[PDB]
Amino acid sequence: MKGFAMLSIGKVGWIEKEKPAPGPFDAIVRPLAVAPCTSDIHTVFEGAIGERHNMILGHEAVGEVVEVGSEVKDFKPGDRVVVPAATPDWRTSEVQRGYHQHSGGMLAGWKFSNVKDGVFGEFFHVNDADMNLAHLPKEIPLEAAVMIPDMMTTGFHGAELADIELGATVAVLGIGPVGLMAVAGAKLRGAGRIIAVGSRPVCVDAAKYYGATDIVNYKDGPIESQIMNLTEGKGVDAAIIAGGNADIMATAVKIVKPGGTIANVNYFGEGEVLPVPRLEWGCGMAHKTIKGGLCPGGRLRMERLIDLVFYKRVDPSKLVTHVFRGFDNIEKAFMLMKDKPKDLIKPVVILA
């Protein structure tokens, strides 16, 4: 089997791997639709996770099960499934603590394109199929379903961490695909006013579609000053960080009111320290909670997000601005995430 892989830092290319074999609890999946992510770019060209050699990229996929182990019971060859980006080992002490995202170590729940070959191949390996796969209903299109493995679960997690009360005012810092799902997530938690911060017009339109009531362009002035004018000095009840540099952490604390919550799902890939402003954090005593979490994975997380799409609570197809067909177009879609045109949100490659 072939696979679009990271040869080394700054280099990508196709490689031939021996098709993987499933353990007694594992499954082999061929992809029906894949999507590249900004994480793949940070991994290859910035060394976000360190040095990697000959590692197939990609972690957002929808596929068909072709082979299962002798102990796999809920999945058989021919089943269309949604594969979460996080496929942890479910038999660790961190799972018994309630944090499967860190099963076996910090962020160790994320295996694809990290500690194992990713989904950008003719086949890929899923560990613990009965715990890390969810059946895909036929009524959900592939381009919509491939938004569930990473974009939907991450953005919604930012809304979960934000501890949104009914009618609260929420700010979403960054309206990329994750941020757009955070806006939709904030709406799904009963937020009243949703202030979205971003500039790209294609993102602003998608943000309004998902529930944003105000748009703050960080080109029209400082984010902090704009939001304080919108909220008439009250600030926001919660801020969801879905993009930006390390400085955006300071912006979030400044706009959240005392007792509120700063929920980060953004990946800070550079800098030794994330700044927390001393005065705006009450010198340590303002009850401004700061959370930061990896997206949940596993079967149950996927099944619940599938129900949200199935019952028309959120339509993630607005994230898909580019659709390609064919295994070869994985490279072009990946290079699109590196160039990042102003009309791109998320590209999807459809496979035979």
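From 1 onward, residues are counted along the sequence shown.
Which has the higher mean CA temperature factor in the PDB entry, 72 to 80 or 186 to 194? Going by the record's values, the stretch with the higher mean is 72 to 80.
Check the entry's C-alpha temperature factors for 19 to 27 and 337 to 345, then say which stretch has the higher mean. Per the PDB entry, the higher value belongs to 337 to 345.
Candidate set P177, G271, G260, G243 [ranked by C-alpha B-factor, highest]: By C-alpha B-factor in the record, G271 ranks first.
Whose C-alpha has the highest temperature factor in the PDB entry: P149, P222, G98, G158? In the PDB entry, the greatest C-alpha B-factor among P149, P222, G98, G158 is found at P222.
If you rank every modelled residue in this chain by C-alpha B factor, which third holds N54: lowest, middle or highest? For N54, the deposited C-alpha B-factor lands in the highest third.
Within-chain third of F327 by Cα B-factor, per the entry: Top third by C-alpha B-factor.
When the deposited Cα B-factors of this chain's modelled residues are ordered and cut into thirds, is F112 in the lowest, the middle or the highest one? Lowest third.
Could you place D237 in the lowest, middle or highest third of its chain by Cα temperature factor, using the values in the record? Lowest third - that is where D237 ends up once the chain's C-alpha B-factors are sorted.
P201 by Cα B-factor - lowest, middle or highest third of the modelled chain: It belongs to the highest third of the chain when residues are ordered by C-alpha B-factor.
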